[PDB]
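Undergrad: Here it is, the structure in full.
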Amino acid sequence: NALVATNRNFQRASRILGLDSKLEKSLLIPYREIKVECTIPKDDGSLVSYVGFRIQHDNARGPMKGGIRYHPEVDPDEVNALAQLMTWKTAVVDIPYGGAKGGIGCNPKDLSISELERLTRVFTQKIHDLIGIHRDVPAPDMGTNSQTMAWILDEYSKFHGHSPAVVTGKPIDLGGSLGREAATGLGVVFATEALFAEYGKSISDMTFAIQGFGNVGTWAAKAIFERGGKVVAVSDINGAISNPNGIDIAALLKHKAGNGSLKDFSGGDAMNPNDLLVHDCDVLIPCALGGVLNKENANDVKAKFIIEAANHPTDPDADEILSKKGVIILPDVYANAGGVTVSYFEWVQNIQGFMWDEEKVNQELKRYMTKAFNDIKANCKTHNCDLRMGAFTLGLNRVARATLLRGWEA
Amino acid sequence: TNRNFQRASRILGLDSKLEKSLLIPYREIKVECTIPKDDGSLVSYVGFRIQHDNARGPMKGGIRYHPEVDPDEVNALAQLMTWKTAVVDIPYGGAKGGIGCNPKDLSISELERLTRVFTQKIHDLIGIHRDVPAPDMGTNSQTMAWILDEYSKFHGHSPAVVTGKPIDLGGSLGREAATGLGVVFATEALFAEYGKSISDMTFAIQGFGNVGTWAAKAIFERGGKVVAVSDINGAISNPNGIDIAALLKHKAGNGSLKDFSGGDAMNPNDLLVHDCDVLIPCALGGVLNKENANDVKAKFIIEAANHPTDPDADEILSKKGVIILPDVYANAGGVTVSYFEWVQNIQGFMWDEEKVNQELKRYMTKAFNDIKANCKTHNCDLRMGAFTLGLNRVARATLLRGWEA
Amino acid sequence: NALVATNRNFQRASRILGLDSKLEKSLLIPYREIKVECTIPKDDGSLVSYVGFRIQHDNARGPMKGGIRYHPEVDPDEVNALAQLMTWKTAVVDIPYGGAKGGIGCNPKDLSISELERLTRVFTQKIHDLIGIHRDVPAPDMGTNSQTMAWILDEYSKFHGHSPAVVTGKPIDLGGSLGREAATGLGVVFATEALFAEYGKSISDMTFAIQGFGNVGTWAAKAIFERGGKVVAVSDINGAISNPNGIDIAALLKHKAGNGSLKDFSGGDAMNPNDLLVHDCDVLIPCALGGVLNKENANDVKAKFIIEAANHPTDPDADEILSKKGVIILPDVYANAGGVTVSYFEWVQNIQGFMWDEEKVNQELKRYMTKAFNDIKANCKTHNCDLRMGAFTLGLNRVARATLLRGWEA
Amino acid sequence: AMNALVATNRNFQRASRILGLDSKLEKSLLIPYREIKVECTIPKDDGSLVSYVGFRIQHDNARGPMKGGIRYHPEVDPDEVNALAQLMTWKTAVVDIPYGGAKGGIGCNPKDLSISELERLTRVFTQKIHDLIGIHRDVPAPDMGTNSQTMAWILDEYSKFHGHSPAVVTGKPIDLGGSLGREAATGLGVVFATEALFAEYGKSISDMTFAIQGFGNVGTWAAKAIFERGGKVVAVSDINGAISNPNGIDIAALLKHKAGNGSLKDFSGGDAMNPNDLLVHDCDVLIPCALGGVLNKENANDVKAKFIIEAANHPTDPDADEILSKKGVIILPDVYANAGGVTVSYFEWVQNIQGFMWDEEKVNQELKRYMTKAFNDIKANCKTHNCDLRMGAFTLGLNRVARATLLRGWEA
Ligand SMILES: NC(=O)c1ccc[n+]([C@@H]2O[C@H](COP(=O)([O-])OP(=O)(O)OC[C@H]3O[C@@H](n4cnc5c(N)ncnc54)[C@H](O)[C@@H]3O)[C@@H](O)[C@H]2O)c1
Ligand SMILES: NC(=O)c1ccc[n+]([C@@H]2O[C@H](COP(=O)([O-])OP(=O)(O)OC[C@H]3O[C@@H](n4cnc5c(N)ncnc54)[C@H](O)[C@@H]3O)[C@@H](O)[C@H]2O)c1
Ligand SMILES: NC(=O)c1ccc[n+]([C@@H]2O[C@H](COP(=O)([O-])OP(=O)(O)OC[C@H]3O[C@@H](n4cnc5c(N)ncnc54)[C@H](O)[C@@H]3O)[C@@H](O)[C@H]2O)c1
Ligand SMILES: NC(=O)c1ccc[n+]([C@@H]2O[C@H](COP(=O)([O-])OP(=O)(O)OC[C@H]3O[C@@H](n4cnc5c(N)ncnc54)[C@H](O)[C@@H]3O)[C@@H](O)[C@H]2O)c1
Ligand SMILES: O=C(O)c1cccc(C(=O)O)n1
Ligand code: NA
Ligand code: NA
Ligand code: NA
Ligand code: NA
Ligand code: NA
Ligand code: NA
């Protein structure tokens, strides 16, 4: 479905732009695909052999960027589609990168921490010439973390010198940026703020229902709460909580960190999490799974705004139903781009040799998200299209323009 | 097919974990190759390189410009080059690459631009001591000149980066004849073990192209009797020996084989089953199948073509009494002389053709001796002696390099 | 000494932290030691041969950094201690460097300016592949100066292109930073302000005695005076002056620029310099020699605060005595760090391709000095220790953390 | 014993005075081009950390890329590595191969480390010096405590940083571009050099009895080559014990015993002897093949051999030289007699650079050619300066380095 949704959005946007068929063919072909043998000794000395890989989709706008997944199931169509989508997404928010996606076909549950280190270092040895601060910047993904990136940094720097900017998502001690925890949820709020200004409204005039309460939902709920927004309902995997007068989100957060489930929180009524998406509210924010809005519940959605924080929460069936009802849907490719934008800031700070304080990180995040919204809005006017297509046409057109300007002669 | 590797793996008793590593390629690469056509419209192709193993040296192998690309065939071919270089003890591993395109669709200016863009996209992955490409289906010495010229912009003047070059740009002498002459060097060595010489024998030769012409020529000069030669149009037969010098002369005059008066035209389907001591398939593979294997008058088959001998015949032959010099060794004269080209280039100083053929004879002779010894150690036929030898050298090189990071 | 002080502080700090002994062993082994032949023709054509050297102690937190000494008496134990100290010091103030120290065993008085240039250039030819903008960044030291740095820059750049960030201490015209002359004395005053903020106090109306009146003391006294502080005593090697109402420091500096003697200044009374450290004041700032506070005068100190600007002005006996008297000692490794901090800023400005104005240098210096004090203070609470151990444990732990995150597999 | 660098510098001073070298040129030639000490920290097999310091001393490169081995031995320290690196500079000039001198090592006991720990240590050391070595820069090789397997690991790790580079190290396995003849080269060169010396007396290896200290790469192949030429090897020692037979030890049987993990003291074809008595054994020829400084003022007067062939580097210190000279003992110096190894290393490097290997007949033919030329040059130098063999070789090599240094010049 990453392939499904990305191909649907690409093909719609290509038709709106009237992209030349042969240019389109080139844009769908990855710059480079790499597979390398990664063999290490286990702690007891016996050999294990894996295949590492990196799909480098496009670099017309700058170095490639994307996660390293340590996971046993590798679908090449999915890896390829997510690298492509990162190319479009970086273009939507105007950060100077293209897309890439990589990983190792392994199960890290079966590897000791020393084996995981050796594996990471060997993988880095096999691809050091194909990545680089100005070439391809890896990041964490499923099965990898900031410790993984520290090992890439350390091994890479043997081949090319000290190079903090070669990976993002590093530990603070090795050049990681401040503000990364909050970046995605705070970015969702920044985007929502720019959207509501088009109506001369602000966060404080609105009620909100939030599906999911993890990294994205907690910080979004917090940033909404601090700006006057009333969060009337919140769900997660195990329950849901409701209050028409707004939930005290600071109290809810502290009830969470104390290991208290949503349903048995005092400042609200327990509700059925299956009712959250059709809950009475102005604004619905899916922050959990994709595919949650479809033909079966779209007609019962009450919000007038849907802020797509999760990946692909709205099926096309529901997209069309919801637009007809006049529902305004801020698309995922834009709305959840706070995380990737701050990872750009990490790279900048490393390149600059000089880290930013958190206030500057968040001022630049606000500036980037607001400008992207204005650019999306201007594209909707140009093409008389919805926000989702305003975004994809914006990102696709920037990649096409950069590609056409670079040209093709040898 | 993995049959030969699997057979040899079990003779050697290769460790399962080592075997798994040896089958995973070092690196597989695919790159976009987009060029403007002569009319400025774009065309996009995918170039690729499978770099199987470099335990024993830089990788080596052809670049195919051909539309049908099957990744499993490309991988098998890169792997076979790793074993084959090890059989004749030249310091390379195996690779194979290409561009999925039909060169007949492209002008020569378009093919040059495509070759140069491909080189631009892989220049950091190849190199004199990393991976050395060569011609293959759809490419030739002009293709290699373009790669050399473009690669040298990135890394300086680097003649050794490709083989099969034009002579004017560092190509070696002796390349035409290398494979067919190497076939005759290999069989001279084989027959030595039984106290016989080329002159002592009669030869039937299937095919009369780059391999067949040179093989028959070199046999004729060593006193062998060539009594039957096949090709596509016709065939000729003379049971006391064809005058090859004249048979070639007659080919230079667009002359067909049947029209050769120095013998009697025969049915080309009646060559593999012609009466002779030695049969040398030099045209197609899969010519010796189960049914037609019984109808074989020769006691020696020198495998010049690739896989001329179906695996059915391998069982039979041995029963019928036939000694099979296997293709992986017997036709390796061509790859051996491509190593010599590389050597001459990095030495900055070309050899004369006498030296090329001296070294070719030395390399083929030692490889046969190394193969025969292995056969005694493991007590196997010539095909497995060779495959065990090549696999074992790659395994040994890999084990000596080690596994720690 | 400077070797025994560093050893004693490293040792005490390592035991507060509980550093594993194998980790400690690694940390005290330098990354790399270099000795190179440096042979030049003298102006008359005859040869002279010297040994140049560079100890590169640690790079877990970033490129190495440190001075180049042209001096005949080379003690390897001292050079090594000074490289290690720089590793701890840069960590105390969160600058992204490790420590190094180098030099040439020569006497610059014996050498003409053209001989010194050729020697500098040959030394650069012999070590250029071992240093670098992201590898090891030299600086002036005893027997060298900004002109020496210009020659290193010029010769290095023949091998690597224009590389202004490869050395600090450069001439302004070749990328040197503004603000370097005031940096250490101003940094002392920023550090003092951060300390007194913890008591709800500002410098104004507090009284200061200052031992030494050179680069550090003059700028410290000026920065104090401009902030309303009362500088009631100043001494140097030739005399001392006092005024209980506060010396007009502007006038005193004007007097000293006319080569006037401290004891002769008209806006005060001559005093015996031996009575400075025991003068009646709120704040004592040793800005001259080390070891000036020992067991046989520590009991007669009357200040409540000591701001260590000189290297090791307080021996361990005095430390002991003054703690038991209730005296608060801001330690040298932190308090005089403004000079090393501004040399970091020079490197930043060079990397960024754009020099800062002086207001910006001083704003970032105040930010770095304040944040470092806040981190030290917090460390004192964590480990229940004094400011000196709070600073050393802070720097040593940052190096250890970075080393452990980087890991040990090859 | 005497400090190895004090000893070697004394020999350097004496040779400089024979040559009348300019004082400022002498001072420059003494000082090494580059000395490097690096931290080498690895996890052990159980995961715990151990830290060593590694050394690469690059003494002089006027005559070409620098050259010398890597020693893994507990006594490796800066003085020992500096002494060895300087001797490499003189020795490469003696045989006139286009190299300068370097040496490296790690203070460790390989006996105490597993094979995977030795591979990790070797790989980390290579990570720490890869930027200092190179085909045309500095070319290592195996010394005490290392072998061709160690070199394979250096080759493999180095090639990650600079691409496949067979000629970056010599002493490689044959499977990875090593030269036929290299493993046997130092022992065979010792025999070529000894035959040249004994011929000046009309004598042959078969006229002599031999005692050998050390039974590693040098001692084994030296014993084998002597044995195959009819020499009577009457005593052999190593670190664990020693064996003696006045009628001559069957060296082929001793090597088979060694191959089977047997100890010298247990070999049935001889009598166990105290290794501490090897150097004063009654023999015609003493060949030290182990550590340096082992002939000193404390035992030199008790040497009974009439010839000493220095297969080890710097086994005889200057005090012992004087004592032995007054006893009428002739010493074939390390800088000539043991140069077969670095000479065949040169051939290995040449073969790698040429991408085309030689057969063993050619290797050994060129080795004998180089050793013959050098002995004749040494003889001439002894006559010119009326000096002993050590100074004949030392001044030969020192003079060649000086000439090359003067040609290259001093401006920046
Ligand atoms: N594309 C991007 O760059 C990007 C960035 C960040 C997050 N996201 C998307 O945001 C979503 C959440 O990410 P996250 O980091 O917050 O995850 P997380 O794991 O931190 O939190 C997920 C939350 O969703 C809840 N949840 C899971 N299944 C649920 C269900 N069926 N009903 C209700 N609640 C459910 C969990 O209990 C938890 O509260 C995902 O779609 C993720 O892919 C996208
Ligand atoms: N593995 C290697 O490195 C290697 C090297 C060189 C050649 N070869 C093999 O050698 C064989 C021939 O190569 P070549 O260079 O001589 O080819 P070529 O194209 O120069 O000539 C091939 C000849 O085969 C003959 N021929 C073709 N179809 C025939 C048919 N149906 N019946 C009888 N004869 C027929 C004709 O004489 C034709 O000219 C092929 O199998 C090739 O793969 C292998
Ligand atoms: N570690 C660092 O990064 C760093 C940075 C700068 C300075 N420092 C320390 O600060 C000290 C002072 O530095 P500076 O640059 O101002 O030196 P400076 O040479 O500019 O001035 C030294 C001053 O001390 C006075 N003085 C010397 N001996 C004296 C004595 N016995 N009694 C009284 N006054 C005496 C001199 O007359 C002069 O006023 C340095 O020596 C060093 O200890 C440390
Ligand atoms: N390997 C070469 O090519 C080469 C070349 C020229 C010179 N050398 C010199 O030869 C000497 C030996 O080198 P190697 O390669 O044979 O080393 P190795 O590690 O292969 O063997 C050294 C031998 O010395 C023995 N030994 C160690 N300490 C001893 C002691 N105290 N008493 C007696 N025996 C002892 C060991 O047990 C072993 O038998 C060294 O001086 C070395 O520098 C080596
Ligand atoms: O091949 C070499 O470089 C080498 C190796 C070990 C010792 C020596 C030596 O001491 O000459 N030279
Ligand atoms: Na593309
Ligand atoms: Na283990
Ligand atoms: Na493999
Ligand atoms: Na260290
Ligand atoms: Na002059
Ligand atoms: Na020197």
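Note on naming: chains are A, B, ... as they come in the structure tokens, residues start from 1 per chain, ligands start from 1 in the order shown.
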Tell me, as a list in words, which residues lie within 10 Å of residue 275 (chain A), counting only C-alpha atoms; anything in the same chain fewer than 6 positions away does not count.
TA: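 What passes the distance filter is residues 233, 235, 240, 297 and 301 of chain A.
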Undergrad: Got a sec to check which residues lie within 10 Å of ligand 7, using only C-alpha atoms and all ligand atoms, and send them as a VMD selection string?
TA: (chain A and resid 41 to 46 114 to 115) or (chain D and resid 43 to 48 116)
Undergrad: Throw together the list of residues within 8 Å of ligand 1, counting only C-alpha atoms and all ligand atoms, and drop it here as a PyMOL selection string.
TA: chain A and resi 184-185+211-218+235-239+273-274+286-290+309-313+332-333+336-340
Undergrad: Excluding residue 103 (chain B) and its own-chain neighbours fewer than 5 positions away, which residues fall within 9 Å of it when counting only C-alpha atoms? Please give them as a PDB file with N, CA, C and O atoms, in the first residue's frame.
TA:
```pdb
ATOM      1  N   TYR B  65      24.996  -5.552 -24.104  1.00  0.00           N
ATOM      2  CA  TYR B  65      23.925  -4.642 -24.539  1.00  0.00           C
ATOM      3  C   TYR B  65      22.912  -5.517 -25.241  1.00  0.00           C
ATOM      4  O   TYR B  65      23.127  -5.916 -26.388  1.00  0.00           O
ATOM      5  N   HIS B  66      21.807  -5.808 -24.558  1.00  0.00           N
ATOM      6  CA  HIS B  66      20.847  -6.804 -25.014  1.00  0.00           C
ATOM      7  C   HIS B  66      19.572  -6.567 -24.233  1.00  0.00           C
ATOM      8  O   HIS B  66      19.654  -6.254 -23.039  1.00  0.00           O
ATOM      9  N   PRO B  67      18.404  -6.702 -24.842  1.00  0.00           N
ATOM     10  CA  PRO B  67      17.173  -6.354 -24.130  1.00  0.00           C
ATOM     11  C   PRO B  67      16.769  -7.394 -23.103  1.00  0.00           C
ATOM     12  O   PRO B  67      16.357  -7.045 -21.992  1.00  0.00           O
ATOM     13  N   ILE B 108      24.860   5.092 -33.884  1.00  0.00           N
ATOM     14  CA  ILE B 108      26.187   4.990 -33.304  1.00  0.00           C
ATOM     15  C   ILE B 108      26.475   6.169 -32.385  1.00  0.00           C
ATOM     16  O   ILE B 108      27.156   6.012 -31.371  1.00  0.00           O
ATOM     17  N   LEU B 111      24.649   5.234 -29.274  1.00  0.00           N
ATOM     18  CA  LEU B 111      25.316   4.171 -28.532  1.00  0.00           C
ATOM     19  C   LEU B 111      26.553   4.697 -27.816  1.00  0.00           C
ATOM     20  O   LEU B 111      26.831   4.313 -26.674  1.00  0.00           O
ATOM     21  N   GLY B 138      26.510  -7.709 -27.987  1.00  0.00           N
ATOM     22  CA  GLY B 138      26.079  -6.369 -28.251  1.00  0.00           C
ATOM     23  C   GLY B 138      27.130  -5.289 -28.078  1.00  0.00           C
ATOM     24  O   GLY B 138      26.832  -4.124 -28.362  1.00  0.00           O
ATOM     25  N   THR B 139      28.334  -5.619 -27.594  1.00  0.00           N
ATOM     26  CA  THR B 139      29.410  -4.645 -27.452  1.00  0.00           C
ATOM     27  C   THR B 139      30.657  -5.155 -28.168  1.00  0.00           C
ATOM     28  O   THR B 139      30.747  -6.316 -28.561  1.00  0.00           O
TER      29      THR B 139
END
```
Undergrad: Please find the residues of chain A near chain B - the criterion being any atom within 7 Å, counting only C-alpha atoms - and write them as a VMD selection string.
TA: chain A and resid 22 26 29 to 37 40 to 41 47 49 122 408 to 410
Undergrad: I need the chain C residues near chain A as a short mmCIF file (atom, residue, chain, number, x, y, z; two decimals) with C-alpha atoms, in the first residue's frame; criterion: at most 10 Å, counting only C-alpha atoms.
TA:
```
data_model
loop_
_atom_site.label_atom_id
_atom_site.label_comp_id
_atom_site.auth_asym_id
_atom_site.auth_seq_id
_atom_site.Cartn_x
_atom_site.Cartn_y
_atom_site.Cartn_z
CA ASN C 59 39.00 12.91 19.19
CA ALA C 60 35.87 11.26 20.59
CA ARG C 61 34.07 14.64 20.77
CA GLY C 62 35.53 16.21 17.62
CA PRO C 63 38.74 17.28 15.89
CA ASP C 94 30.97 21.75 25.48
CA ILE C 95 33.19 22.74 22.59
CA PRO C 96 33.29 19.94 19.92
CA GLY C 132 43.08 19.20 9.02
CA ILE C 133 39.92 21.23 9.51
CA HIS C 134 38.03 18.17 10.80
CA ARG C 135 41.08 16.29 12.14
CA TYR C 344 36.34 27.60 18.55
CA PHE C 345 34.25 30.49 17.26
CA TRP C 347 36.94 27.90 13.43
CA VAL C 348 33.11 28.13 13.22
CA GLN C 349 33.27 31.42 11.34
CA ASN C 350 35.81 29.97 8.91
CA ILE C 351 33.73 26.78 8.31
CA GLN C 352 30.65 28.95 7.74
CA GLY C 353 32.57 31.21 5.33
CA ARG C 398 31.36 13.83 28.39
CA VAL C 399 34.54 12.31 26.89
CA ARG C 401 30.13 8.98 27.12
CA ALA C 402 31.22 9.92 23.62
CA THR C 403 33.86 7.17 23.66
CA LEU C 405 28.69 5.59 22.28
CA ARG C 406 31.24 5.36 19.48
CA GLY C 407 32.05 1.84 20.64
CA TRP C 408 34.95 -0.57 20.26
CA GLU C 409 34.27 -3.08 17.46
CA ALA C 410 36.51 -2.55 14.47
#
```
Undergrad: Please build the interface table for chain D against chain A with a cut-off of 12 Å, listing for each qualifying residue the nearest atom pair and the distance in Å to one decimal; count only C-alpha atoms, order rows by chain and increasing number, and write it as a Markdown table.
TA:
```
| residue | atom | partner | partner_atom | distance |
| --- | --- | --- | --- | --- |
| D:43 | CA | A:114 | CA | 10.1 |
| D:44 | CA | A:43 | CA | 10.5 |
| D:45 | CA | A:43 | CA | 7.6 |
| D:46 | CA | A:43 | CA | 8.3 |
| D:47 | CA | A:114 | CA | 8.5 |
| D:48 | CA | A:114 | CA | 11.6 |
| D:114 | CA | A:45 | CA | 11.7 |
| D:115 | CA | A:45 | CA | 11.0 |
| D:116 | CA | A:45 | CA | 8.4 |
| D:117 | CA | A:45 | CA | 11.1 |
| D:120 | CA | A:41 | CA | 11.6 |
| D:124 | CA | A:158 | CA | 11.1 |
| D:126 | CA | A:158 | CA | 11.4 |
| D:127 | CA | A:158 | CA | 7.7 |
| D:128 | CA | A:158 | CA | 9.1 |
| D:129 | CA | A:158 | CA | 11.3 |
| D:130 | CA | A:158 | CA | 10.1 |
| D:131 | CA | A:159 | CA | 10.1 |
| D:157 | CA | A:125 | CA | 10.3 |
| D:158 | CA | A:159 | CA | 10.7 |
| D:159 | CA | A:125 | CA | 11.1 |
| D:160 | CA | A:125 | CA | 7.3 |
| D:161 | CA | A:159 | CA | 6.0 |
| D:162 | CA | A:159 | CA | 9.1 |
| D:163 | CA | A:129 | CA | 11.1 |
```
Undergrad: Go ahead and save the picked residues with C-alpha atoms, as a PDB file, in the first residue's frame.
TA:
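The resulting file, out-v3.pdb, is reproduced below:
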```
ATOM      1  CA  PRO D  43      37.746  -6.467  22.438  1.00  0.00           C
ATOM      2  CA  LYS D  44      38.921  -9.887  23.462  1.00  0.00           C
ATOM      3  CA  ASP D  45      36.917 -12.997  22.585  1.00  0.00           C
ATOM      4  CA  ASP D  46      35.073 -12.654  25.904  1.00  0.00           C
ATOM      5  CA  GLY D  47      34.309  -8.994  25.108  1.00  0.00           C
ATOM      6  CA  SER D  48      36.640  -7.278  27.598  1.00  0.00           C
ATOM      7  CA  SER D 114      43.679 -16.208  20.259  1.00  0.00           C
ATOM      8  CA  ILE D 115      43.824 -16.245  16.469  1.00  0.00           C
ATOM      9  CA  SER D 116      40.691 -14.086  16.236  1.00  0.00           C
ATOM     10  CA  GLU D 117      42.155 -11.603  18.742  1.00  0.00           C
ATOM     11  CA  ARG D 120      41.336  -7.932  15.290  1.00  0.00           C
ATOM     12  CA  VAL D 124      42.960  -2.195  14.135  1.00  0.00           C
ATOM     13  CA  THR D 126      46.169  -1.259  10.057  1.00  0.00           C
ATOM     14  CA  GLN D 127      43.234   1.136  10.585  1.00  0.00           C
ATOM     15  CA  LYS D 128      45.550   3.337  12.645  1.00  0.00           C
ATOM     16  CA  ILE D 129      48.448   3.414  10.127  1.00  0.00           C
ATOM     17  CA  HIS D 130      46.754   2.996   6.724  1.00  0.00           C
ATOM     18  CA  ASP D 131      47.282   6.729   6.004  1.00  0.00           C
ATOM     19  CA  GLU D 157      41.975  -4.160   5.840  1.00  0.00           C
ATOM     20  CA  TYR D 158      44.191  -1.692   3.973  1.00  0.00           C
ATOM     21  CA  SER D 159      42.362  -2.428   0.721  1.00  0.00           C
ATOM     22  CA  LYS D 160      39.074  -1.312   2.292  1.00  0.00           C
ATOM     23  CA  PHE D 161      40.539   2.197   2.564  1.00  0.00           C
ATOM     24  CA  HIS D 162      42.517   2.397  -0.678  1.00  0.00           C
ATOM     25  CA  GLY D 163      41.228  -0.380  -2.904  1.00  0.00           C
TER      26      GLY D 163
END
```
Undergrad: Report as CSV the residues of chain D within 8 Å of ligand 4, each with its shortest atom pair and distance in Å (one decimal), using only C-alpha atoms and all ligand atoms, ordered by chain and increasing residue number.
TA:
```
residue,atom,partner,partner_atom_place_in_ligand_line,distance
D:69,CA,ligand 4,2 (C),7.5
D:71,CA,ligand 4,43 (O),7.6
D:84,CA,ligand 4,43 (O),7.7
D:141,CA,ligand 4,3 (O),7.7
D:142,CA,ligand 4,1 (N),5.8
D:143,CA,ligand 4,1 (N),4.6
D:144,CA,ligand 4,19 (O),3.4
D:145,CA,ligand 4,19 (O),3.9
D:146,CA,ligand 4,19 (O),6.1
D:147,CA,ligand 4,20 (O),7.0
D:171,CA,ligand 4,3 (O),7.7
D:182,CA,ligand 4,3 (O),7.8
D:183,CA,ligand 4,3 (O),7.1
D:185,CA,ligand 4,3 (O),7.0
D:186,CA,ligand 4,3 (O),5.3
D:213,CA,ligand 4,33 (C),5.5
D:214,CA,ligand 4,24 (O),3.8
D:215,CA,ligand 4,39 (O),3.5
D:216,CA,ligand 4,21 (O),3.3
D:217,CA,ligand 4,16 (O),3.9
D:218,CA,ligand 4,16 (O),3.8
D:219,CA,ligand 4,16 (O),5.8
D:220,CA,ligand 4,16 (O),7.8
D:237,CA,ligand 4,33 (C),5.7
D:238,CA,ligand 4,34 (N),3.4
D:239,CA,ligand 4,35 (C),4.0
D:240,CA,ligand 4,37 (O),6.6
D:241,CA,ligand 4,33 (C),7.9
D:275,CA,ligand 4,33 (C),6.9
D:276,CA,ligand 4,32 (N),7.8
D:288,CA,ligand 4,11 (C),7.9
D:289,CA,ligand 4,11 (C),4.8
D:290,CA,ligand 4,24 (O),4.0
D:291,CA,ligand 4,41 (O),5.0
D:292,CA,ligand 4,41 (O),6.0
D:311,CA,ligand 4,10 (O),5.8
D:312,CA,ligand 4,41 (O),3.5
D:313,CA,ligand 4,41 (O),4.1
D:314,CA,ligand 4,41 (O),7.1
D:315,CA,ligand 4,41 (O),7.4
D:334,CA,ligand 4,7 (C),7.7
D:338,CA,ligand 4,6 (C),4.9
D:339,CA,ligand 4,6 (C),6.1
D:340,CA,ligand 4,5 (C),7.2
D:341,CA,ligand 4,3 (O),4.5
D:342,CA,ligand 4,5 (C),6.6
```
Undergrad: Would you mind listing what lies within 12 Å of region 374-378 of chain B as a PyMOL selection string, with only C-alpha atoms counted and same-chain residues fewer than 3 positions away left out?
TA: chain B and resi 7-13+87+367-371+381-393
Undergrad: For chain B, work out the contacting residues on chain D at 8 Å, counting only C-alpha atoms, and write them as a PyMOL selection string.
TA: chain D and resi 116+119-120+123+149+152-153+156-157+163-165+175-176+353-356
Undergrad: Hey, what does DSSP flag as alpha helix (DSSP H) within region 96-324 of chain C? Can you give it to me as a VMD selection string?
TA: chain C and resid 113 to 127 146 to 160 180 to 197 215 to 226 249 to 257 316 to 324
Undergrad: Need to verify the contact set: residue 335 (chain A), 12 Å, only C-alpha atoms, exclusion of same-chain residues closer than 5 positions in sequence. Can you return it as a VMD selection string?
TA: chain A and resid 89 92 to 93 183 to 195 216 220 285 to 287 306 to 312 329 to 330 340 to 341 368 to 370 372 to 373 376 387 to 388 391
Undergrad: Neighbouring residues of ligand 11 are defined here as those with any atom at most 12 Å from a ligand atom, counting only C-alpha atoms and all ligand atoms; list them as a PyMOL selection string.
TA: (chain C and resi 35-40+48-51) or (chain D and resi 24-35+57-62+82+85-86+89+100-102+401-402+405+410)
Undergrad: Could you pull the residues within 9 Å of residue 69 (chain B), counting only C-alpha atoms, minus those fewer than 2 positions along the same chain, as a ChimeraX atom specification?
TA: /B:66-67,71-74,98-100
Undergrad: Excluding region 15-18 of chain C and residues on its chain fewer than 2 positions from it, collect all residues at most 12 Å away from it, counting only C-alpha atoms, and give them as JSON, numbers by chain.
TA: {"C": [8, 9, 10, 11, 12, 13, 20, 21, 22, 23, 24, 379, 380, 382, 383, 384, 385, 386, 389, 390, 391, 392, 393, 394, 395, 396, 397, 398, 400, 401]}
Undergrad: Apply DSSP to the structure's backbone, then extract all residues of region 52-200 of chain D labelled strand (DSSP E) and return them as a PyMOL selection string.
TA: chain D and resi 52-60+66-67+70-72+100-106+138-139
